[PDB]
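One chain is shown next in structure tokens, namely the form deposited in one PDB entry.
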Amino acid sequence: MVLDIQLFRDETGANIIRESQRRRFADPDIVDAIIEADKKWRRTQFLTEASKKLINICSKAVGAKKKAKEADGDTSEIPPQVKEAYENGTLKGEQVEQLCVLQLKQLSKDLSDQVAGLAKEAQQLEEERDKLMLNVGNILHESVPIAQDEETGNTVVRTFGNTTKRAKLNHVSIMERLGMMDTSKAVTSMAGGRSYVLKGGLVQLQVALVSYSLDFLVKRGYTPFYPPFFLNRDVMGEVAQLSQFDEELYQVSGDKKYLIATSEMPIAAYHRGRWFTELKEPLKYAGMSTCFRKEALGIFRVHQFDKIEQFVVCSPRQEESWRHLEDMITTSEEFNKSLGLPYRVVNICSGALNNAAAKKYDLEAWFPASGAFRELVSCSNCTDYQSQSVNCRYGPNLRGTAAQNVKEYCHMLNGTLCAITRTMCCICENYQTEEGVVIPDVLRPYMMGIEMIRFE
């Protein structure tokens, strides 16, 4: 599954999607292409269901005739009118019951052949529909700025700290002068481009950030979550876009798997096929993992890095996920304030939002030596978009419930707490002195009380 079809089949729902597509500067016609694919698919299902019923009628009629010792019949030849009728889904059981045993057996095989053919048609139509659904964005929140370009379109909502201060050395220069980061040929000749070795104080800092970040979420009611770093192709497909396979994900062999780009992928996949009847309290996870990105100076943008993630699974009702989004961006803000890092928070414009996000806040920290705001955090409300793909249902789940006009799904949200390597770059720029890098106060107990890491 990619998206639930229910909204597309409703006139009001289809218009809500079309409007969201226009507001995202995306194609509204994708909604119409999905409805048409679904109409063709529903036709194969109608015929399959009708023909499965007629196969059971054939079997029961043969059984009745064999019991009554009725002669098997003159021929197995099916009347062309009968063939035309089951191909059009109009063949009545009363007409099937007029056939002899020989014809009922032939018809049962003919109907089974039709079902096999229709299943192949339905598979091709599901593939077409699913490909179209991948280009459908989540329904935008009403507060999303309407713009195509990030540069002009994003809205700065909040700022913190001294965002105009300048510093001498950038993170690359500082990490070089510490003697604690090696990105030379000694590393790239063994591990490929953009690979690195961290040593000494920088490793102590990395661990101090992992542990401080995890404790920071534990204190706020998140459950630590350590995932597998591998996902199979099928499962990865449910939590990643097609474009992520070609540009971002490494393939692992030795049954093909993919390395995770963030703990958001295995945490969302962990809820696949789940059904929470009620979520009086939301599910809050503190994901901890290495992240691997194909990405198709220094350690600002690398293939391998640690990240502490906020992940929330909540009720889809009473706009609760919107309250969680505000709490999650606030947590990322509080975290950066605790490190004494200046920043701004931006509300991402409609044209720049990834398909799963109904709204996204980025926290961009100030890099005083680089002289720029740089993204450290992304916090998104994915509402029920990922839940439809992984099939994570919500609501009453009782015996006797029929094909419900409205299937409810959980809401899911994800947000960076700390992308470790990039935070270390930001810390190095903001805490540099002539002697080295001052360790932010809150991190000192997490790294043996060390107050500064010195230039070599």
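Counting begins at 1, following the sequence as shown. Definition used throughout: the rigid core is the maximal C-alpha set that superposes within 1.5 Å between two forms.
The following text describes the form deposited in another entry, which does not appear among the structures shown.
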{"query": "Core-aligned C-alpha movement of residue 398 between this form and the one not shown reaching 2 Å", "finding": "yes"}
{"query": "Cα-Cα trend for residue 404 and residue 130, given that in the other form the distance shifts by 3 Å or more", "finding": "farther"}
{"query": "CA-CA separation of residue 399 and residue 13, closer or farther in the other form than in the form shown [shift of 3 angstroms or more]", "finding": "closer"}
